[PDB]
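Per-chain residue numbering starts at 1, and chain names A, B, C, D, E, F, G, H and I are given in the order in which the chains are listed.
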Amino acid sequence: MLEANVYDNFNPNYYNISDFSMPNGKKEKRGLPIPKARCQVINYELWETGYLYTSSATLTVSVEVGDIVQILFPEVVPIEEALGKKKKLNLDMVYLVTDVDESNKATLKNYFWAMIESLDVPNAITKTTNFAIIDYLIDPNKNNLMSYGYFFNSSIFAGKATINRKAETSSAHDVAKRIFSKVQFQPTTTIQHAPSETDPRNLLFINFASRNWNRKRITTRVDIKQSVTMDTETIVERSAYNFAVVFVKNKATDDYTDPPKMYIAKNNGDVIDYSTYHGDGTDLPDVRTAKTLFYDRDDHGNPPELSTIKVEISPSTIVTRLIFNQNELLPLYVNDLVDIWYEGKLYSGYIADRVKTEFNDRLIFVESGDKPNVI
Amino acid sequence: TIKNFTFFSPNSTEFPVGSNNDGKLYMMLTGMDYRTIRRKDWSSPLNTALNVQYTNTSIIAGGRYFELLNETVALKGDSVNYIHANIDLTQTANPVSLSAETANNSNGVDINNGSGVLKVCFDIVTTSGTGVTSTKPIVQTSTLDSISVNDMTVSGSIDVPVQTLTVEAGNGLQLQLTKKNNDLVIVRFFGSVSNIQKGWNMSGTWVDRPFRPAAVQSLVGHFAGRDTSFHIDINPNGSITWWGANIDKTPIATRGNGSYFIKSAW
Amino acid sequence: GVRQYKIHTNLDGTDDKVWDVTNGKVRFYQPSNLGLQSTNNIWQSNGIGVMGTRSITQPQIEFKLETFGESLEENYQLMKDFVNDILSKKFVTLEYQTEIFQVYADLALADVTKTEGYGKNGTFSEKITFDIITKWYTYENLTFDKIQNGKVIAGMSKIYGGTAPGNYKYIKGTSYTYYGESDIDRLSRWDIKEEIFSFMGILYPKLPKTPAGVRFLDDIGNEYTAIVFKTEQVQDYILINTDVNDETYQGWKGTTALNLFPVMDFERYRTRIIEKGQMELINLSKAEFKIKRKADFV
Amino acid sequence: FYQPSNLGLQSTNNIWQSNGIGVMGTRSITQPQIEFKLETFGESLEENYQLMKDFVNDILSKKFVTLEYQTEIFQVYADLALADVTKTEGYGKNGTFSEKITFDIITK
Amino acid sequence: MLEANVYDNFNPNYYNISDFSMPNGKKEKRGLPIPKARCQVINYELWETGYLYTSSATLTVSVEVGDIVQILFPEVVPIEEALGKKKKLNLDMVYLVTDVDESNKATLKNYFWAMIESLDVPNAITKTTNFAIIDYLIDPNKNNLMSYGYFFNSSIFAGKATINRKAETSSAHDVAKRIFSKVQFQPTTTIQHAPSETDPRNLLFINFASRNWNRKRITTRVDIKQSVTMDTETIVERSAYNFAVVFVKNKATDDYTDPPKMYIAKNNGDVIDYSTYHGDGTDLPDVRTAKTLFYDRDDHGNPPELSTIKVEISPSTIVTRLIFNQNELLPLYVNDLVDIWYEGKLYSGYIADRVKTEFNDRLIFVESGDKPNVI
Amino acid sequence: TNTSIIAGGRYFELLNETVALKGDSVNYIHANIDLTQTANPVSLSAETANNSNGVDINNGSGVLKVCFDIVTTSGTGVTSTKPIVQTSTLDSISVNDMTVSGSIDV
Amino acid sequence: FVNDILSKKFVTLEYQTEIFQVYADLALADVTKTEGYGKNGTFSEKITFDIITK
Amino acid sequence: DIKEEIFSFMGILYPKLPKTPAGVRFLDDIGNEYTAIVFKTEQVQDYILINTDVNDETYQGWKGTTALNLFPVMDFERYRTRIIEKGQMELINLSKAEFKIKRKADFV
Amino acid sequence: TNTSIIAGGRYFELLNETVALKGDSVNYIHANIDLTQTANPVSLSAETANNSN
């Protein structure tokens, strides 16, 4: 049985008001209250990030749709939140209650995914860096749920953002999924009291954090004893592509009336126009995972730069996911960059999620590849 | 909160006395509950055919005083009629009525603190097919705590607490002790005694503390079917001393009643 | 001494037909179970029980149904009449009487068998099963009257007034009278100490152009529910019934009945679940109740 | 025909319990199937085979058949459809049949 | 068991011909015939409007895909179809047979939803009033199924229409759903003989009708005894929004390259630019339900009017739906505007649908809110 | 909650009247009658001893103090309660039947 | 007996032997009531308890 | 020194200092704090009552004859679990603590 | 619902004729015939006693 702090909805309409007088007199946004209840959690399946599935639990106090449920674990996770600063962070899983059945069985959506519901992203927002998207996505002036900031190493989101499918307006849900796959981090939601003695507020943050400020890939071994579940992404789910079919809008027709040009990612990471390939095929990925891209020309009629096309694809294959029990010989945590040896094969990727049941603690590893470029 | 009644109301608004407050006061003064009455026939009720006329009877029921002045109650023939006083406070103009019923239907309803009709039986009137054959009043109960009295006359009986104890005194002797009012004890001898000498303490159980006397008590017993007797001493310490002649291996049946007081003058 | 069962076609109705199922020509034997089941939705977390909501389930009652007619014709007639008498009503009431209680259960036929394996004179030996509606109840009739105390009059009322330490006097015919009673209001109230299934009542409104009904207060004197109405026209009386299966809120003006439900204070009617505490009248001179008292086990 | 399985019925009022308190819904009757012991009293194997064949095919030749149920107090009918009939070899004297016949209720 | 009138498909190719000589000699469209069969309906679950679910029934006559099934109930419904004119309308439920299994179990789609199948609506049709959309949607010259007119109070559809998601072409199914949620009425299909003695035809109409010509909200109470089903709309289903994120196409880039502006609906109905809010938060909805909007500038480079943005959002929360048994103490019907007191809480919305089974008769209440503006 | 008391022949009612107690102590609950306090002549006290004073309030001046309850406490609450006996001082009694639960001292 | 159990949120079973004196917090799961009497109308029924704290 | 399994506990805690949090902490077998029941009251309470029973929990402070619900003032971050593991419990700004432990025995 | 009465040799029928009653009372239902009330000579009353005259 787990302990949980239950709250009234973290409504931005209420909290996004800068009328709170800080100890120095200056005005800041209203902080969150203390829980409305402390209950227990039984018959649960709780996912840390909500990478793939929604969570569920029976709670000992009646909750309702819109309530916020912070579930606590008597365990810590190693996190390095600044170049020097290492901490042992309490493991919590923060959700929005989306449904409650007659028996008090709640359906729980991870805070971050619930926060960005119904927000759309025009393709024009993808024109610069990934950070520009992240900063657009996380905003109490637009979001359905309150937030007080986001934490991460700048470097992770400093690269060129990838475009939306069909160069169209996409949902924030789909663009976040895309970006997170590209950067190989999933978000976590945190509730903490402001660390400075100057700030008494109880705050909520979105985080893109791991055990190392500048991630160091861990090489490990997953064993058959760990109840391993091995699956491959469905074509709908496909999160990695190693080849691109590129369409550029013709200025005269104002339409994609010219033939596409094809680009390939070699095993070492290099991306070239596929028509120029002169190798023997041993330096290219062992399967092809193509994607179609659509771009407009700039005011000079220039098509996209190779460096813009380059970020869409990487040295990767069909993405295998391994779900396995936590192993005390080498524990893994969400956002760890890993090289896993499983049944005599090497898999390069990261830990996208983690699930807690009364009898299990399991990691979801995503074979995202992109070993030559990912940080 | 404290609600005062038997006190000065300087503005004649403070402590008015309600009928239910006087009711409770009267119940407390007399020591009555809701299952009894205070009743007095100042003049004899008159029986005429299947009717009882209360000529001048006062009744207190639930601490409420009322008078029956030439009030007739119709009776059921060839029956035991239970005469009841019924109090319904909602009937403001006539809160009291009388009934003749087939059973004692006294309900103990607390009319001074709650809602409801108080029914309390006060008379039992037996009839033939033509008229009244006999009348018996219901008992007026006084529920008291501690009484200090000079003299008392009892026409019925006094029921006092009773405690019993069986003692296997040893040597085959058995005492059955009955203590009443925590003072008077009657010892009944049973069993058959053997292997004992004069002056010797009996080999078994000593008398329990609640039955021990303040002073040594010599209790005379008899040997069944013989012209011989014995006595035992119940000592204040609980022990029993044999004071009959020496008894051999053959047990002789011991019987008899002996009385003693546990308490001396104090 | 021995237990008695009876089937009523309309308990407390002038048209009630009673089948003595203990001594009559149609009898019930061996009730399957007069007990109950309970759940607390307990979850064990390594032996440690986590309690949830408590719920009672009343099982169906199956009886052996035997007939005692002296001929084939009489036995066919007894079966046909008994079953169709049950079948002709929305529900039937079982009376369960012992030396310690006289209780009722509103039942609905679930099944009845009819076969041919006759004993002497074509007597029946069948099985009858009932679904439970209301298991174990009694009726309690209570009247609530809004009585007002008189005024305190110096020179008439029993009070120790005047000059210190205060006094009253006995004056022929004017003397001393009792002003009223402390808490005269208790006579208009229901002191709720037990569980109920529902209640039914006849409410007599006092003032016109003013809402009328009843309110319920918990053990700490706070209102938690109320059935209050605001009618356009004065009603002679209002009839209420909280029975889930015969729920009624109707005003009567002469011999005309009107549905008063659309005119109830829905926000004040929080629940039908009556807690321990007390019921007060709202603008009523009197109210007459018929309470359906509850006992899950007897 | 001997020993009807059940000439009774079942009823539902769609009752659901709210902590023992029954909440009534719509009332509905269900008429169960009638199964009878089917016996032949032919004086030979030939007669008994003929009896079974004729009786069963007479039922089978109509959309439905009607059972008349008569006592000193009533004379009622039931429109029935054959649900099943058994045919075995476990003969008594003169090859008489002892089988089972079930009917589905149309109008009881 | 219910009675049903079965018909051959109401094919507009056949009926949309104005060759029928009326009693006066003038030419009108061909009227519908008499049923091809009268059968009974057993083992059914029939929804009046098809707000949420499809219906099913076993019919006593074999039907086929394309047939029209009008199911009759021996009951009436109060309707006021003109300012003075009140009637007691027979309750019928008209469907198209979409599937028939081996056992004669039919799947039935409510006529109106079947009628507008495969019709698309470009965003340009949303430029004026809701009525302009309704009149585009209901047309025998375009629809798959025949119709002879639509009935409603003009006022319901006289307001500004809301735009399509992503300012794109949407299906008539999605736009009708959107509009009906906004106006708080669901359509009903009716088969009647032309009321005038001058017209002998058997006709089919679409209706947006209720017990009152100018709806009067009913306040009532739903009890736990009524087998109440309580759920909240899924984010996919979300039909009410109280906050908007607004994008306006930049003229120079011809793309949404400028930051969005945010608008909020206060509890009283007022809609303002969210950046100008100066209250304490007690006058705003207790949860935020944001939606993204996309607009172009007019020929003068003007962005949308506040009055155009205003209609997209309303004072409302997470939409709760209550499905409960009809109560004889106060019967409710489709399109009733209601205030329901359930378990000590107030819910403002309307009756979107009604379901009939052999043992039940239930209403679907939708907590649409918008109490200050809805009519 | 609802206790009636007669002290010095004066009738009063304790209706939800709370008396604060000393912890880990034997509390002697007294009814105190001061007739000079005309608005509130009666008050209750919890004391360390039975301080009943037998003051004749009907014939003279003074405060009548009379103990009616003995309440024993732990550090947290009440462990036991014993009432003070209600004495009936009588002269000559004529009775039909009597039941004694304690004892008769002759 | 049954109503005394039914009147509390839970009841406690004391289990005592020469080697232990232990408790179990229990909640009534079911109780039967029939008519199949022995001498003096004595009951012979079945009572089931759900474990809370054993 | 926690060597056995427990269903729950009741405790009377005696705080020392005013503003600093007061309560108890639980350490595992490797000496790490995994949970703590701690309160930050404005005024020193004479004593605090805690009952950890999942079905009947309580957190009440006492100053004089005044009871205070400590739930609002409890550290909701540090009270990670009520499942007490083997290791040890230490006091936090308490002079004394009196516990009534509900010991657990799966089989007897 | 359907009761025929002959009172003073005069025949009349009560067809869905409702009489309002006093609560907690023995109601004596009377047929009252007033020949001067030419349009409605018969009426019913519920009374506290048998007032047959």
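As a convention for this text, a contact is a pair of C-beta atoms (placed from the backbone, for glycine too) under 8 Å apart; a residue touches a chain by one contact, two chains touch by 3 or more.
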{"item": "Chains contacting each of chain B and chain G, listed by label", "value": "C"}
{"item": "Chain closest to the assembly centre - both centres taken as Cα means", "value": "C"}
{"item": "Remotest chain, chain D as reference, centres from CA atoms", "value": "F"}
{"item": "Between A-C and G-H, the pair joined by more C-beta contacts", "value": "A-C"}
{"item": "Inter-chain centre distance, chain E versus chain I - centres from mean C-alpha coordinates, in Å", "value": "58"}
{"item": "Length of the line joining the C-alpha centres of chain C and chain G, rounded to whole Å", "value": "30"}
{"item": "Computed distance of Cα centres, chain D from chain B, in Å", "value": "74"}
{"item": "Shared-contact residues (touching 2 or more other chains) in chain D", "value": "18, 23"}
{"item": "Where chain B touches two or more other chains at once, by residue number", "value": "3, 6-8, 10, 14, 21, 113"}
{"item": "Multi-chain contact residues (two or more partners), chain A", "value": "1, 40, 60"}
{"item": "Touch list for chain H against partner chain G, complex", "value": "7, 55, 102, 105-106, 108"}
{"item": "Chain E residues within the chain D interface of the complex", "value": "224-225, 227, 358-360"}
{"item": "Touch list for chain C against partner chain B, complex", "value": "142-145, 147, 149, 152, 154, 157-162, 164-166, 178-183, 186-187, 189, 191"}
{"item": "Complex contacts: residues of chain C adjacent to chain H", "value": "47-51"}
{"item": "Parts of chain A lying in touch with chain E, wherever the complex brings them together", "value": "9, 11-15, 17, 19, 65-66, 98-99, 117-120, 122-124, 127, 141-145, 168-169"}
